[PDB]
Structure formats: structure tokens, C-alpha cells
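Structure first, then comments.
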Amino acid sequence: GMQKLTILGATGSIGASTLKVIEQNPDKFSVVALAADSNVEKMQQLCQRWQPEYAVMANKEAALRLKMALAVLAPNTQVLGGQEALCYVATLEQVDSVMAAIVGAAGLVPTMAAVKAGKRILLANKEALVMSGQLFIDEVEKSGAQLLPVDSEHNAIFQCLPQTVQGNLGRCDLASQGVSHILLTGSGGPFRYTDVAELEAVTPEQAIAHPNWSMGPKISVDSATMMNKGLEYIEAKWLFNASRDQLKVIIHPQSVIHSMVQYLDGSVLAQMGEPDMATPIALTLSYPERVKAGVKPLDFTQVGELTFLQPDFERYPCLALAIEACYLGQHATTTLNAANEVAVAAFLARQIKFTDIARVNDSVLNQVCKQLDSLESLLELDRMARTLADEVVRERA
Amino acid sequence: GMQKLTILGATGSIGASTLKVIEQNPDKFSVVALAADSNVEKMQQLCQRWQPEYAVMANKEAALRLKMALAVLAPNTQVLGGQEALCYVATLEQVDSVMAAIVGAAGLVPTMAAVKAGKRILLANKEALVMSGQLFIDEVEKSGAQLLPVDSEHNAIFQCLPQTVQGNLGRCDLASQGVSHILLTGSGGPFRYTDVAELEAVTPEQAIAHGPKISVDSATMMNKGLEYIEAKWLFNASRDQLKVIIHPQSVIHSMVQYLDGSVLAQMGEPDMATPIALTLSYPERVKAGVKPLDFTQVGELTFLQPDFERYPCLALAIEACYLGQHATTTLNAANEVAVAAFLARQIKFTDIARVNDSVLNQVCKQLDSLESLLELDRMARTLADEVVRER
Ligand SMILES: [Mn+2]
Ligand SMILES: [Mn+2]
């Protein structure tokens with residue numbers, strides 16, 4: 001029957017992709033609420049097109065402007081403001097699924113609320129599992145909330161897993177279902193074939209070069225150091241309940257293959273596709289069925305060659321940090337992520353060298369570790385971590 | 001749940017890959033019977049190692065020899081002979097699954113026998129579906145026999161498909177489960193990069209490497225065509241739902257394209273124990289004595305759209321596939337003769353497809369049984385014989 005959605009983070013690209021899939025399947029999906037930050041012009045335009053029952057701006061001043069705009073453009077849309085209103089729409093009774101696409105720490109409480117309300121969670125916020133995986137998984141289990149991952153790699157893994165696993169994320173017994181290991185793939189970044197010696201000198205211009213499809217600058221830098229892959233690793237561990245034996249990382253420079261799973265009998269399954277987030281989003285909407293997504297089928301005439309490389313730690317120390325942190329737990333993953341935000345900004349600011357990103361991470365990470373859990377405890381931790389990082393940036397400058 | 005097996009075709013490489021999986025899982029599988037043609041030496045060695053309750057040779061003389069041998073090497077084993085004995089072991093009450101790996105037309109009746117008995121069928125005989133797909137699928141439905149495909153490409157496709165489809169082979173509604181395309185892959189054979197003009201001059205020597213007849217079918221991609229035909233029956237696929245991609249490295253074994261843009265592909269080390277293992281273990285998984293895939297060694301993976309001027313046999317097969325059983329039966333019959341002919345040096349490499357095409361045409365210009373279809377096979381071979389001496 002008809003599926004009711006709330007979309008947290010409707011004015012970004014994840015939101016646009018989600019709405020594209022919805023547009024392609026009018027009978028199947030129905031938008032009950034849309035939520036965003038402070039982009040009123042974009043929101044009003046989306047509310048005119050979609051006429052949702054609710055629209056929310058996190059920013060209360062922005063909510064007032066939208067409210068006035070919509071009084072005629074969308075007279076049946078109730079407009080609300082602030083963090084509490086985000087939780088409100090994420091927990092409505094009639095809502096079946098929630099696209100959790102508000103990014104950063106801002107996204108935690110609203111995402112958690114949907115979780116506690118036992119909703120399907122189309123998880124597109126990194127922080128929930130990077131900062132607070134244990135907490136999220138525990139809550140999911142209490143409420144019966146389904147978790148459907150939107151990140152391209154996690155979604156691909158999910159599709160390469162058998163069904164019994166797919167339905168027991170967070171708690172899955174991989175070995176008992178024949179899964180030897182999960183192979184998390186990534187491109188290796190712009191320095192994938194660059195001599196390690198040369199990394200000291202790298203400019204943000206150089207680190208930023210990417211596929212025609214863009215990324216934000218921070219993310220582009222995390223892709224250069226493979227910190228991005230490390231963060232995906234941490235999330236993967238929680239989504240798929242992966243021991244130190246069960247999760248690996250392979251470099252695949254073309255990114256046609258989006259990740260893979262190695263089974264006990266030697267069989268490997270891999271997911272591939274055109275680089276459009278509507279594919280993975282579509283499955284998070286449709287699971288266990290499939291729907292049109294407005295993505296073209298992959299053309300093997302035009303794919304080019306697919307290859308694989310072995311990462312090494314001299315080239316990608318961040319990845320080692322992340323993996324190490326991953327098995328130390330929430331305090332370490334929280335700490336690493338906080339520190340890395342600062343070091344990347346620092347590098348972009350031309351204050352530090354490219355290779356200084358990992359040093360900062362490492363130092364901060366060490367100190368905190370030498371010394372129950374909540375979203376707030378973790379946010380505080382995040383602040384401490386950022387301060388330590390600031391200090392350290394002063395030194396390496 | 002100890003699983004009891006009968007292996008039809010135990011002395012070839014499918015038999016050896018099956019037995020390697022069984023060796024790895026002594027707690028779960030059990031060999032009740034082994035059957036083969038006329039390779040006594042290899043049989044007696046396998047019955048010494050496995051001490052099966054029964055052993056069968058299709059050839060009755062071969063059976064007598066084995067019976068003398070096993071009086072010393074497997075005194076407990078009961079040795080039987082002939083086509084009826086093959087059906088007998090394929091239908092035993094205690095047997096859960098039958099590896100159907102006797103090749104050629106010889107394999108039809110015993111494979112059919114297991115089907116009528118409602119057994120799990122680990123299908124490794126091409127002829128059942130190439131010659132008489134509809135019949136098989138119909139019989140499978142009546143008895144509740146499970147069909148599990150062994151061929152590397154079919155097994156990969158199976159893995160790529162969703163579970164509800166997996167459990168409804170022969171009669172699956174692909175489009176209603178989100179499947180747009182099944183992508184049947186193959187290496188393209190030794191002449192994938194060879195200029196078409198040069199095919200006229202090709203020597204059997206050049207058409208051989210790594211089975212002589214089969215090696216030649218790989219060269220012309222008639223082997224792929226036959227796989228295509230089987231794929232159509234296994235997965236209930238229209239021509240549009242079923243496409244062929246050339247993948248020279250054969251790391252990917254075949255793929256499935258979904259509605260939302262997603263593709264699933266199965267890859268692995270080249271060992272038949274992986275697919276066989278799944279046919280044994282489905283829906284669970286077991287060790288197969290195959291290592292995990294080494295991405296250090298895979299090299300580059302690439303892909304090509306096949307050219308039908310390079311591979312006219314493939315077009316014939318594809319055409320033949322949609323025409324029906326009479327056409328598939330005809331084509332396969334003709335191709336045996338043409339290949340033999342080519343090996344004999346009587347015809348050129350490119351003549352293989354001409355023969356096929358002629359025979360096909362004459363028969364086509366014109367209820368079904370295994371026998372009707374075998375007779376057809378005979379007619380087709382004679383027609384093919386005429387067509388040869390004339391070149
Ligand atoms: Mn990614
Ligand atoms: Mn093949």
C-alpha cells in the first residue's frame with residue numbers, strides 16, 4: 001500500500017534524488033513532510049510542487065518567512081520551526097519511512113527520534129553511526145525500527161548480502177549465513193598512484209580534483225586521505241555487525257563496483273551502477289521490492305577497464321587510524337571525526353600541509369584515550385576534541 | 001539433515017569438483033551412488049575412496065569389469081549396469097539430490113527420471129534444456145523437483161537474482177520482481193580480437209587450448225548460444241530480458257540488471273566447486289575448498305558488445321532459441337556434425353555456421369517427446385552430413 005514519507009534535509013542533493021524517485025512512482029509514495037535548514041526559496045518551491053501536510057525549517061526565522069510564503073502557494077501546508085518540530089515530523093503516526101538526510105551533528109536528535117518511534121530509517125547521516133553506533137543499534141532493537149542505508153557503499157553491501165542478513169542489520173550473524181567477509185571499496189583518491197614522498201607538498205587545489213560529479217571540499221579531502229573510507233568502515237561495522245575478521249578495504253579506482261561480499265564457498269557478489277544516488281535511495285524506499293528510479297541501465301560498452309589496488313598505510317594513515325578507532329568504540333570514533341574536521345579546515349586554510357592532517361588526528365586521538373553514553377556526552381566530547389585539535393594546529397603552523 | 005547424493009557422471013571434472021565439496025563437508029553430505037559410462041579405472045579408484053552403496057556403469061561390459069575389480073577394492077559396493085540402473089540410482093528413495101552430469105543425449109532419460117521422482121537436480125547436462133526445455137520445465141512443476149543449475153554462468157545469474165525468483169525457476173516473473181536484464185557473459189574465445197576476414201583460414205590447432213568439440217564451440221560462441229537457450233528456460237526470459245556481454249577475463253561469471261539501475265555480478269576463482277557447492281547447499285552456504293578471490297591477481301576487467309559477423313553461431317542460437325525446441329534441437333544436432341567436419345579438415349572454420357544455417361532453414365521451412373526429439377536429432381545430423389561432403 002501507499003508509503004508515507006518525511007524527508008529530513010529536503011533541499012540538498014540526497015533530497016532531490018529522493019524526490020526524483022518519488023516522482024517516478026506516484027502511486028507508491030507520498031510526501032507527508034519536508035524539512036530543511038534555512039533555504040526558504042528552495043523550500044517554498046518544493047512545497048509548491050509537493051504540497052506537503054508539513055514543512056519544517058530548523059531555523060525559526062526561516063520558518064516565519066516560509067510560513068508567510070506558503071499561506072497562498074501551499075495553503076494546506078502547516079509550517080513549523082526548530083529542532084522540536086524536526087522530531088515532530090520524524091515521529092508522526094502516519095509516516096512509514098523517514099529519509100534521514102540532515103548532515104552533521106544537527107541530524108542526530110531528529111534521526112534518533114525517528115528511531116525511537118520505530119520508523120523505517122533511510123539513513124543518510126554519517127554521524128549517527130560514526131559518533132554513536134552502539135547507541136543507535138540499541139535503540140533500533142528496542143523500537144523495531146528498520147535501518148536501510150543510503151550511502152552508496154553500504155547500500156551495495158546490503159544488496160550483496162542474503163536476505164536473512166538484510167533483515168537483521170545491527171545484529172547480524174555473518175558467519176552463520178555464509179559470509180566470510182565484506183569488501184568495502186573506494187577509489188583511492190587523487191593520490192592513488194602518487195609517490196608518498198610527494199604528499200608533504202600537496203595543495204588543496206590538487207587534493208580537490210575529483211570526478212565530474214562534485215563533492216563538498218571537506219569530503220573531497222577525506223577521499224584524498226581515505227578518511228572517508230575509514231568513516232564508512234566504522235559505519236559498516238555497526239550496520240553489519242562485523243568482527244575484525246569480517247570487514248576489508250579494497251581500492252577500485254573507477255568506482256563502477258560499489259562494494260562486494262565474499263561468501264564461504266568462494267562466491268563473490270558485487271553491486272555496480274551508474275553514479276546516481278537515486279539507485280541506492282530507490283531500494284531504501286522500495287525494499288524488498290524494486291522500483292523505477294529514473295537512472296539509466298549501466299552500459300558495459302562505456303565502462304572502461306575495472307582494476308583493483310592494494311591500499312597501504314604509508315599512503316593512507318588516516319585509514320589505519322579509523323580502523324583502529326573503530327574497534328576502540330564511540331569515544332574514539334567521536335574523537336577522530338571531530339579532530340579530522342579541524343585538520344581538514346586547517347589544511348584548506350593553508351595553515352598546515354596535507355600530510356599534517358593525519359598527525360593532528362593521531363595526537364588528538366591519543367590524548368583522549370589516555371584519559372553511560374548519550375548524544376550530549378558525545379557532543380561534549382566532540383567539542384573537547386575540536387579544542388585539542390585547534391591547539392595542535394597552532395603547533396604544526 | 002544429512003544429505004544423500006547420487007552422482008551421475010562421476011569420472012569427469014564436474015564429478016571431481018562435486019566430490020571435493022563433499023570431502024570438505026563430511027558432516028552434511030553422503031554419497032549413496034556413483035555412476036559413469038565406461039571409465040572403469042577411474043571408477044574403481046573413486047569407489048575405493050568412497051565405498052558407495054551403489055556404483056553404476058552405463059556400459060554393461062564396463063559394469064562387469066568394475067564388479068570384478070570392486071570385489072577387492074570395495075566389497076560392500078553393489079555394481080550395476082545399463083541405462084535402467086542409472087534411473088534406478090537417480091530415483092532411490094533415500095536420495096535427496098542428484099548431480100546430473102552425464103553429458104550428451106545419453107543423460108536425458110536418467111536426468112528425467114530424477115525429475116519425475118521429485119529430487120533436487122543439480123543440473124549439469126546441457127541437452128535437457130537445449131533439446132527439450134519445455135518438457136523438462138513441465139515435468140519439474142508436476143513433481144516439485146527443485147532445479148539448481150551447475151553451469152558457471154547460470155549459477156552466477158541465480159545468485160544475482162532475488163530469492164522469490166530463485167525459488168521459481170522455469171516459471172519466474174522477472175519484470176514483476178524488478179529484473180530488466182540478465183547479462184550472460186563469456187570470454188569471446190580465441191578469436192575475439194581477430195579480424196573477421198581471417199576466420200575463413202582458421203585451423204583446428206588455432207581453435208584449441210586449455211575438450212575438442214567444446215573448445216571449438218567456445219571459438220564460435222555456439223557454446224554461449226547453447227547457454228543462452230538454457231538461460232531462457234531456467235529464467236523464463238524473453239529475448240529482450242536476456243543479453244550477451246563479452247568479458248574476456250572471465251572473473252565476472254554473469255550479471256543481473258535491475259529496474260532501479262542496480263547491477264549484481266557474481267565473481268570468483270575459476271573452480272566449479274563454488275557453483276556446485278551452492279547447488280548442494282542452497283539456501284545455505286558451505287566450504288568448497290576454493291580460496292577467496294585474490295584481487296591482487298585479477299588484472300583489468302573489460303567488456304565488449306559481441307559482433308554477430310564474428311559469431312554467427314550465436315545469432316543462430318539466439319534466433320533458434322525463440323523459434324522453439326524443434327529449432328534448438330536441430331541447431332545442436334547440426335553443429336556436432338559441422339564441428340567434427342571442421343576437425344576432420346573437410347571444412348573451413350567459417351563453414352561451421354553455414355552448415356548450421358542451411359540445416360536449420362530446411363527443417364524450419366516446415367505433441368513433443370524425448371524420442372520425437374532424438375529422431376529429429378538424427379534427421380538433423382543426416383541433413384548436416386549431406387551438406388558437408390558437398391563442400
Ligand atoms: Mn562513498
Ligand atoms: Mn561456459
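Every chain in the C-alpha cells takes a letter, A first, then B, and so on in the order presented; its residues are numbered from 1, and the ligands are numbered from 1 following the presented order.
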### Message
Just want the residues within 10 Å of ligand 1, written as a list in words, counting only C-alpha atoms and all ligand atoms.
### Response
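What falls inside 10 Å of ligand 1 is residues 151, 152, 153, 154, 184, 185, 186, 187, 219, 223, 228, 229, 231, 232, 255, 258 and 259 of chain A.
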Write out, as a PDB file, in the first residue's frame, the residues just selected, with N, CA, C and O atoms.
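Result file selection-v8.pdb:
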```pdb
ATOM      1  N   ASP A 151      24.158   5.315   1.961  1.00  0.00           N
ATOM      2  CA  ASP A 151      25.485   5.571   1.423  1.00  0.00           C
ATOM      3  C   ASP A 151      25.676   4.523   0.364  1.00  0.00           C
ATOM      4  O   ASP A 151      25.208   3.367   0.467  1.00  0.00           O
ATOM      5  N   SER A 152      26.343   4.940  -0.709  1.00  0.00           N
ATOM      6  CA  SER A 152      26.491   4.050  -1.882  1.00  0.00           C
ATOM      7  C   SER A 152      27.166   2.761  -1.500  1.00  0.00           C
ATOM      8  O   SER A 152      26.752   1.731  -1.961  1.00  0.00           O
ATOM      9  N   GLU A 153      28.235   2.802  -0.680  1.00  0.00           N
ATOM     10  CA  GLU A 153      28.956   1.576  -0.360  1.00  0.00           C
ATOM     11  C   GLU A 153      28.091   0.632   0.533  1.00  0.00           C
ATOM     12  O   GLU A 153      28.093  -0.593   0.346  1.00  0.00           O
ATOM     13  N   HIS A 154      27.445   1.209   1.522  1.00  0.00           N
ATOM     14  CA  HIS A 154      26.691   0.407   2.473  1.00  0.00           C
ATOM     15  C   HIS A 154      25.518  -0.192   1.761  1.00  0.00           C
ATOM     16  O   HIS A 154      25.127  -1.319   2.041  1.00  0.00           O
ATOM     17  N   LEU A 184      34.731  -3.501   1.385  1.00  0.00           N
ATOM     18  CA  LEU A 184      34.366  -2.111   1.242  1.00  0.00           C
ATOM     19  C   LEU A 184      35.337  -1.472   0.220  1.00  0.00           C
ATOM     20  O   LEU A 184      36.586  -1.446   0.435  1.00  0.00           O
ATOM     21  N   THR A 185      34.787  -0.943  -0.867  1.00  0.00           N
ATOM     22  CA  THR A 185      35.596  -0.377  -1.946  1.00  0.00           C
ATOM     23  C   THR A 185      35.622   1.135  -1.929  1.00  0.00           C
ATOM     24  O   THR A 185      34.696   1.735  -1.433  1.00  0.00           O
ATOM     25  N   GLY A 186      36.709   1.689  -2.447  1.00  0.00           N
ATOM     26  CA  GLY A 186      36.859   3.096  -2.721  1.00  0.00           C
ATOM     27  C   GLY A 186      37.970   3.448  -3.697  1.00  0.00           C
ATOM     28  O   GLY A 186      38.786   2.632  -4.032  1.00  0.00           O
ATOM     29  N   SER A 187      37.964   4.632  -4.220  1.00  0.00           N
ATOM     30  CA  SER A 187      38.701   4.975  -5.401  1.00  0.00           C
ATOM     31  C   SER A 187      40.154   5.152  -5.134  1.00  0.00           C
ATOM     32  O   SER A 187      40.983   5.237  -6.066  1.00  0.00           O
ATOM     33  N   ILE A 219      34.737  16.597   2.144  1.00  0.00           N
ATOM     34  CA  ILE A 219      34.581  15.233   1.713  1.00  0.00           C
ATOM     35  C   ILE A 219      35.647  14.909   0.664  1.00  0.00           C
ATOM     36  O   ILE A 219      36.176  13.828   0.669  1.00  0.00           O
ATOM     37  N   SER A 223      38.434  11.954   0.914  1.00  0.00           N
ATOM     38  CA  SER A 223      38.619  10.983  -0.111  1.00  0.00           C
ATOM     39  C   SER A 223      40.090  10.872  -0.506  1.00  0.00           C
ATOM     40  O   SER A 223      40.564   9.776  -0.843  1.00  0.00           O
ATOM     41  N   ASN A 228      37.557   9.168   4.482  1.00  0.00           N
ATOM     42  CA  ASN A 228      36.171   8.937   4.144  1.00  0.00           C
ATOM     43  C   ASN A 228      35.870   7.469   4.174  1.00  0.00           C
ATOM     44  O   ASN A 228      34.916   7.007   4.841  1.00  0.00           O
ATOM     45  N   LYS A 229      36.741   6.709   3.505  1.00  0.00           N
ATOM     46  CA  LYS A 229      36.641   5.278   3.644  1.00  0.00           C
ATOM     47  C   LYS A 229      36.719   4.758   5.087  1.00  0.00           C
ATOM     48  O   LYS A 229      36.035   3.754   5.435  1.00  0.00           O
ATOM     49  N   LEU A 231      35.660   6.275   7.832  1.00  0.00           N
ATOM     50  CA  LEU A 231      34.379   6.551   8.402  1.00  0.00           C
ATOM     51  C   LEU A 231      33.349   5.535   7.888  1.00  0.00           C
ATOM     52  O   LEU A 231      32.534   5.024   8.656  1.00  0.00           O
ATOM     53  N   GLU A 232      33.375   5.260   6.596  1.00  0.00           N
ATOM     54  CA  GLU A 232      32.446   4.238   6.066  1.00  0.00           C
ATOM     55  C   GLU A 232      32.719   2.931   6.707  1.00  0.00           C
ATOM     56  O   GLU A 232      31.789   2.169   6.924  1.00  0.00           O
ATOM     57  N   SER A 255      35.401   3.149  -9.514  1.00  0.00           N
ATOM     58  CA  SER A 255      34.158   3.252  -8.757  1.00  0.00           C
ATOM     59  C   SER A 255      32.913   2.818  -9.473  1.00  0.00           C
ATOM     60  O   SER A 255      31.837   3.332  -9.208  1.00  0.00           O
ATOM     61  N   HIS A 258      30.566  -0.947  -6.497  1.00  0.00           N
ATOM     62  CA  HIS A 258      30.406  -0.090  -5.282  1.00  0.00           C
ATOM     63  C   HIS A 258      30.708  -0.734  -3.945  1.00  0.00           C
ATOM     64  O   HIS A 258      30.904  -0.020  -3.004  1.00  0.00           O
ATOM     65  N   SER A 259      30.758  -2.038  -3.887  1.00  0.00           N
ATOM     66  CA  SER A 259      31.366  -2.785  -2.783  1.00  0.00           C
ATOM     67  C   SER A 259      30.987  -4.207  -3.077  1.00  0.00           C
ATOM     68  O   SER A 259      30.217  -4.424  -4.039  1.00  0.00           O
TER      69      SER A 259
END
```
### Task
Residues within 12 Å of ligand 2, counting only C-alpha atoms and all ligand atoms: report them as JSON, numbers by chain.
{"B": [124, 126, 150, 151, 152, 153, 154, 155, 156, 184, 185, 186, 187, 188, 189, 214, 215, 217, 218, 219, 221, 222, 223, 224, 225, 226, 227, 228, 230, 231, 246, 247, 250, 252, 253, 254, 270, 272]}
### Query
Which neighbours of residue 167 in chain B fall inside 10 Å, counting only C-alpha atoms, when residues of the same chain fewer than 4 positions from it are skipped, and could you give them as an MDAnalysis selection string?
chainID B and resid 146:148 158 162:163 171:172 283
Output file for the residues above (C-alpha atoms, as a CSV table (one decimal), in the first residue's frame):
```csv
chain,number,residue,atom,x,y,z
B,146,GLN,CA,14.0,-28.4,-7.4
B,147,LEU,CA,16.2,-27.3,-10.3
B,148,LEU,CA,19.6,-26.0,-9.4
B,158,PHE,CA,20.9,-17.4,-10.0
B,162,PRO,CA,16.3,-12.3,-5.7
B,163,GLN,CA,15.1,-15.1,-3.6
B,171,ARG,CA,8.2,-20.0,-14.4
B,172,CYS,CA,9.6,-16.8,-13.0
B,283,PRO,CA,19.8,-21.9,0.5
```
### Query
Using only C-alpha atoms, which chain A residues lie at most 9 Å away from chain B, written as an NGL selection string?
:A and (156 or 159-160 or 162-163 or 176-180 or 250 or 262-274 or 276 or 278-280 or 282-283 or 289-298 or 300-310)
### Message
From the options A:142, A:237, A:65, A:353, which residue's atoms come nearest to residue 393 in chain A, counting only C-alpha atoms?
### Response
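Of all the options, A:353 lies closest to residue 393 in chain A.
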### Residue neighbourhood residue 93 in chain A, 10 Å, only C-alpha atoms, exclusion window fewer than 5 positions, as a ChimeraX atom specification
/A:4,88,117,119
### Task
Report the residues of range 144-269 of chain A whose backbone DSSP state falls under strand (DSSP E or B), written as a ChimeraX atom specification.
/A:147-149,179-186,247-251,257-263,268-269
Can those selected residues be exported to a file as a short mmCIF file (atom, residue, chain, number, x, y, z; two decimals), in the first residue's frame so that it contains N, CA and C atoms?
```cif
data_model
loop_
_atom_site.label_atom_id
_atom_site.label_comp_id
_atom_site.auth_asym_id
_atom_site.auth_seq_id
_atom_site.Cartn_x
_atom_site.Cartn_y
_atom_site.Cartn_z
N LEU A 147 16.47 -0.30 9.47
CA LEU A 147 17.55 0.60 9.10
C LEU A 147 17.92 0.26 7.66
N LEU A 148 17.88 1.26 6.78
CA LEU A 148 18.17 0.99 5.36
C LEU A 148 19.18 1.98 4.95
N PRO A 149 20.36 1.53 4.60
CA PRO A 149 21.46 2.52 4.45
C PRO A 149 21.51 3.11 3.09
N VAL A 179 28.81 -15.74 5.16
CA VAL A 179 29.61 -14.61 4.74
C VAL A 179 30.94 -14.63 5.40
N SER A 180 31.98 -14.73 4.62
CA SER A 180 33.34 -14.73 5.14
C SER A 180 33.75 -13.32 5.46
N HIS A 181 33.58 -12.44 4.49
CA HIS A 181 33.92 -11.02 4.71
C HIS A 181 33.26 -10.05 3.73
N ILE A 182 33.22 -8.78 4.12
CA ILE A 182 32.64 -7.74 3.30
C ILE A 182 33.82 -6.94 2.73
N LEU A 183 33.72 -6.53 1.47
CA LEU A 183 34.84 -5.83 0.87
C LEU A 183 34.30 -4.43 0.56
N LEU A 184 34.73 -3.50 1.39
CA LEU A 184 34.37 -2.11 1.24
C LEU A 184 35.34 -1.47 0.22
N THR A 185 34.79 -0.94 -0.87
CA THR A 185 35.60 -0.38 -1.95
C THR A 185 35.62 1.13 -1.93
N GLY A 186 36.71 1.69 -2.45
CA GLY A 186 36.86 3.10 -2.72
C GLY A 186 37.97 3.45 -3.70
N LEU A 247 35.58 -7.51 7.81
CA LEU A 247 35.50 -6.32 7.02
C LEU A 247 36.82 -5.89 6.43
N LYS A 248 36.88 -5.70 5.10
CA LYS A 248 38.12 -5.30 4.48
C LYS A 248 37.96 -4.13 3.63
N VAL A 249 39.08 -3.60 3.17
CA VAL A 249 39.03 -2.47 2.29
C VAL A 249 39.87 -2.75 1.04
N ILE A 250 39.30 -2.53 -0.13
CA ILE A 250 39.98 -2.66 -1.42
C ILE A 250 39.90 -1.29 -2.16
N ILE A 251 40.96 -0.89 -2.81
CA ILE A 251 40.89 0.16 -3.77
C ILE A 251 40.43 -0.31 -5.19
N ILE A 257 32.12 -0.67 -9.60
CA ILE A 257 31.80 -1.53 -8.49
C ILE A 257 31.66 -0.75 -7.23
N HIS A 258 30.57 -0.95 -6.50
CA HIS A 258 30.41 -0.09 -5.28
C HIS A 258 30.71 -0.73 -3.94
N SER A 259 30.76 -2.04 -3.89
CA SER A 259 31.37 -2.79 -2.78
C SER A 259 30.99 -4.21 -3.08
N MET A 260 31.50 -5.15 -2.30
CA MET A 260 31.29 -6.56 -2.54
C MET A 260 31.24 -7.35 -1.28
N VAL A 261 30.77 -8.61 -1.43
CA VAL A 261 30.70 -9.55 -0.35
C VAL A 261 31.30 -10.89 -0.85
N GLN A 262 32.17 -11.49 0.00
CA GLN A 262 32.85 -12.76 -0.23
C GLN A 262 32.19 -13.82 0.62
N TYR A 263 31.63 -14.84 -0.02
CA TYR A 263 30.97 -15.91 0.67
C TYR A 263 31.95 -17.12 0.88
N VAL A 268 31.72 -14.52 -4.88
CA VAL A 268 31.66 -13.08 -4.55
C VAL A 268 30.53 -12.42 -5.25
N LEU A 269 29.77 -11.60 -4.54
CA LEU A 269 28.80 -10.78 -5.20
C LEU A 269 29.23 -9.35 -5.18
#
```
### Query
How would you write, as a count of residues only, the set of residues in range 107-328 of chain B that DSSP gives as alpha helix (DSSP H)?
87
### Message
Would you pick out the contacts of residue 364 in chain B at 10 Å or less, using only C-alpha atoms, so that residues sharing its chain but fewer than 6 positions from it are not included, and give the list as a list in words?
### Response
residues 320, 323, 326, 327, 330 and 358 of chain B
Please dump the current selection as a tab-separated table (two decimals), in the first residue's frame; keep N, CA and C atoms.
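Result file follows (selection_35.tsv):
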```
chain	number	residue	atom	x	y	z
B	320	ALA	N	17.23	-19.27	-32.89
B	320	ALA	CA	16.72	-20.61	-32.71
B	320	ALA	C	16.01	-20.73	-31.39
B	323	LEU	N	12.44	-19.47	-31.62
B	323	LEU	CA	11.60	-20.29	-32.51
B	323	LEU	C	11.00	-21.48	-31.78
B	326	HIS	N	12.14	-27.47	-31.60
B	326	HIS	CA	12.50	-28.13	-32.84
B	326	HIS	C	13.72	-27.43	-33.41
B	327	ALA	N	13.74	-26.11	-33.29
B	327	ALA	CA	14.89	-25.37	-33.81
B	327	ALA	C	16.20	-25.52	-32.97
B	330	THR	N	17.39	-28.94	-33.58
B	330	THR	CA	18.01	-29.02	-34.90
B	330	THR	C	19.43	-28.43	-34.98
B	358	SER	N	22.05	-23.71	-42.98
B	358	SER	CA	21.30	-24.48	-44.00
B	358	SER	C	20.35	-25.48	-43.39
```
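Here CA of residue 47 in chain B and CA of residue 9 in chain B stand 13.3 Å from one another.
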### Task
Would you mind listing what lies within 9 Å of residue 344 in chain A as a list in words, with only C-alpha atoms counted and same-chain residues fewer than 3 positions away left out?
residues 218, 221, 222, 339, 340, 341, 347, 348, 349, 352, 354 and 357 of chain A
If you keep N, CA and C atoms, can you produce a file of those selected residues as a compact mmCIF listing (two decimals), in the first residue's frame?
```txt
# COMPACT_ATOMS: atom_id res chain seq x y z
N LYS A 218 35.44 19.29 2.02
CA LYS A 218 35.82 18.51 3.12
C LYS A 218 35.85 17.03 2.71
N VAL A 221 38.62 16.12 0.42
CA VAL A 221 39.82 15.91 1.16
C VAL A 221 39.81 14.57 1.91
N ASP A 222 38.72 14.19 2.56
CA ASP A 222 38.62 12.87 3.18
C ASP A 222 38.80 11.73 2.14
N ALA A 339 38.37 15.70 15.39
CA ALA A 339 39.71 16.19 15.09
C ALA A 339 39.98 16.41 13.59
N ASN A 340 39.41 15.49 12.79
CA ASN A 340 39.59 15.48 11.37
C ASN A 340 38.88 16.69 10.72
N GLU A 341 37.73 17.05 11.24
CA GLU A 341 37.05 18.27 10.76
C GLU A 341 38.02 19.47 10.89
N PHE A 347 43.92 22.52 6.78
CA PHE A 347 44.66 22.26 5.54
C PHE A 347 44.13 23.16 4.38
N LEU A 348 42.81 23.27 4.33
CA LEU A 348 42.12 24.12 3.35
C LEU A 348 42.52 25.61 3.54
N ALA A 349 42.62 26.01 4.79
CA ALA A 349 43.09 27.32 5.15
C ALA A 349 44.57 27.55 4.83
N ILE A 352 48.29 24.25 7.39
CA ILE A 352 49.06 23.01 7.52
C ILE A 352 49.21 22.32 6.16
N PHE A 354 49.35 18.87 3.70
CA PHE A 354 48.42 17.75 3.51
C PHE A 354 48.67 16.57 4.53
N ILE A 357 47.43 16.42 8.21
CA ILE A 357 46.09 16.03 8.63
C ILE A 357 46.10 14.80 9.55
```
### Message
Need the shell around residue 207 in chain A: protein/DNA/RNA residues with any atom at most 9 Å away, counting only C-alpha atoms. Skip same-chain ones fewer than 5 positions apart. Format as an MDAnalysis selection string?
### Response
chainID A and resid 189:191 202 220:221 223:225 354
#### Entry: Interatomic distance, CA of residue 124 in chain A to CA of residue 86 in chain A (Å, one decimal)
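These two atoms are separated by 15.6 Å.
In this structure, CA of residue 207 in chain B sits 13.9 Å away from CA of residue 338 in chain B.
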